[PDB]
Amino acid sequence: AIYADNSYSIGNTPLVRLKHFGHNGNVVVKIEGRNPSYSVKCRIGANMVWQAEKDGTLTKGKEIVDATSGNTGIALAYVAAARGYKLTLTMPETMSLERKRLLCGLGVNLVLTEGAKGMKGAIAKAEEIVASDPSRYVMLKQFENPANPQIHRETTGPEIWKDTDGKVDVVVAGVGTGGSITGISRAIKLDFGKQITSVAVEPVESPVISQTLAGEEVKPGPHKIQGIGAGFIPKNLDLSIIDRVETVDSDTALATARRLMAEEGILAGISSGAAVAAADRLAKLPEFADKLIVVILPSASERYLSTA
């Protein structure tokens, strides 16, 4: 019951019942902060590295690339260090010193990009080192990599089934890559065969999924719900297993995160506040009265600035 390295130590994260949200305790949270690296992305972080090894696109001598300096950047950084790979992360020069020092604390070869450029000054940059030796660099692409939802289908989803004794009725999750809701949803509906309700959450400000589903014009915008609302349909979001889409604004998300800390004693990130707020909305519909709703809390406070 000892792990060979920190990557193997992912998951078995806890389910806590909320007291000041939902109705007669129908809203239960999954705490994704309780992982190495301290985000939901630890899971994919391990398994995208495991997978590239297993199929042999990763080997002693290949060094990893991406431009995510978000939770997946930290995930990959921890796993790379645990497992002997050197990591390069692209990232505009516009970023925070503390993530620049979290990652340089993790042994990332950070590659400062352009504050005239953003995530193009990054995305396209990473590629160029992938280009300058495509037998050297290898880039994992969390937005389209199947090893992303696969891990969720084989860990996140089952842990929920088991913890709940197959009682779970609804699952609520914010969408970045889509891998959580996709893997979770496939586990419960396909491997177990229970016809639950899958709710994706997206910002009202950048509501590209609803817009797509309604055959409207896709119109992304800025928000503050860090970790979700990419502004496009990720290839890792299986639109097929998605029953419902709830939108949430930045203020409410932000306020719901403060409430979680101060009322529930739960150290929630901003995305976590988004997902709860939408679960609560469903939770207070007579239609989901007698229904056990599980919410993903992807990250922990302290990584944050919901503290104004």
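Heads up: residue numbers just count along the shown sequence, starting at 1.
Mean CA B-factor, 101 to 109 versus 233 to 241: the higher value falls on 101 to 109. Two stretches are in play, 80 to 88 and 170 to 178, and the higher mean C-alpha B-factor belongs to 80 to 88. Highest C-alpha temperature factor among 197, 164, 135, 148 per the entry: 135. In the deposited coordinates, the residue among 289, 300, 15, 296 with the greatest CA B-factor is 289. When all modelled residues of the chain are sorted by CA temperature factor, residue 186 is found within the lowest third. When the CA B factors of the chain's modelled residues are split into thirds, the value for residue 47 lands in the middle one. For residue 59, the recorded CA temperature factor ranks within the highest third of the chain's modelled residues. Annotation for residue 214: CA B-factor lies in the middle third of the chain's modelled residues. The PDB entry assigns residue 124 a C-alpha temperature factor belonging to the highest third of its chain's modelled residues.
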